[PDB]
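Here is the structure we will look at, set down as structure tokens.
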Amino acid sequence: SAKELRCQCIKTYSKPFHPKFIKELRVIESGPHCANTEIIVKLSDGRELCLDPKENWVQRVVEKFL
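Here the sequence shown is numbered in the UniProt record's numbering, starting from 28 and rising by one per residue.
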């Protein structure tokens, strides 16, 4: 019902990687505009990494950190 939705993370990292520099993480709702849910993490160095929810290790990152 709104065009507020946007696919910020065009590409995601599928290769397993668990950085200890993650302090915060944001979750973006895909909705009708985006077929896949977008998960992004924020590193203490001001770095952003896009993760694919289809990957099991990605869930581990979210679950373990939160």
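Where a beta carbon is used, it is the ideal one built from N, C-alpha and C, also for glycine.
- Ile55 has its alpha-carbon roughly 15 Å from the corresponding atom of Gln86.
- Membership of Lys91 in the alpha helix (DSSP H) is indicated by the continuous run 83–92.
- Our two residues, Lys30 and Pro43, have alpha carbons roughly 33 Å apart in a direct line.
- The C-alpha of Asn83 lies about 25 Å from the C-alpha of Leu32.
- In the three-state reduction of the DSSP assignment, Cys34 falls in the coil class.
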